Structure formats: C-alpha cells, structure tokens
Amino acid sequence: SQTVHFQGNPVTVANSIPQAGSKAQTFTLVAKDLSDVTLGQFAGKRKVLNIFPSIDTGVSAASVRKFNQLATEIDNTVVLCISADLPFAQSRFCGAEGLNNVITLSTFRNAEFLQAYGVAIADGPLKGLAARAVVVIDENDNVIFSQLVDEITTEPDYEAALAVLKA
C-alpha cells in the first residue's frame, strides 16, 4: 500500500499508483449526464487524469481551475477531473465558473477504479475517497507520468504532468 499525509498525519492508500511505462488499466466512470465513460472512448488522444478527494473541499477546485486553463495550451489531449463526488457536485462547480474544457467523471458507481488506479484511501475518515493524484496516459494507453501527492492539502505538480506532453 502507499502513504500520503494530511497536515503531516499519515493516510493509507491502496495498491500502487500506475508507474510510467506501464499499461493504463481500463475504466468506466460516470459523466455529467449520468452516461458511462470508458478509457477506450478517448482512443488516439493523450489523457490527463486529475484525481482528488472532493471538489467541495481543500485545493481540489484550485486544481480544476488550473487544469481547465492548461487544457487550452495543449493539443490532442482530454483533461479528466475524477472523484467520488456525485456528477452533480462536479458539474455544479464547473458550471458556476464556466470551466468548459475539463471532463468531469465520478467514481460513485465504480469504486473499482480507485483500487485499480492505486488511489483508494483505505482507512480513517477519508475512507472511500480518492487520494490526490495525477496520471497522464499517452495515445496508446501507456502511462507516461504519475504523481501521488504526498501532502494531500497541496496542489499537484502541474509542470511535471505537462512536461511529459511536450516535445
């Protein structure tokens, strides 16, 4: 298992975040219209997965705002904002701020994504929520970057996520 921190206090996260050079595991998540979305639906594109505990807490919103803007600066990529929030909470946020580039996806019917992607908080009050994480996937569904954010109350390293998409 893995360990992240909340203001220094350890939090247990199941399994292992995918490693660069490994195959991305397929998933099914739920979109704003309650349709089911799979990894294969993005065939041929790069994918940025911005994973977080809740849009309604902490730095998660800040990260959505940032990735929404960054989405405009890269080509042939989808930016997926993924959490255990119901689709309605995710879309409430994006709608209030007019954040139209990111695609919001919910794990509320698909807890197995959190296990497969090594982001399931396993124990404690945050149990059932995703840890803060970024995974970047290439056009051939190979993982080319991941970060399991060590301090959950800090934003992910946007630069590092974007660097693997540059020439």
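In this text, residue numbers run from 1 along the sequence as written.
Between 15 to 23 and 145 to 153, the higher mean Cα B-factor belongs to 15 to 23. Higher mean CA B-factor, judged across 54 to 62 and 103 to 111 from the recorded values: 103 to 111. Highest CA B-factor among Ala133, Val136, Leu70, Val37, as stated in the entry: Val37. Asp75: CA B factor in the highest third of modelled residues in this chain (values from the PDB entry).
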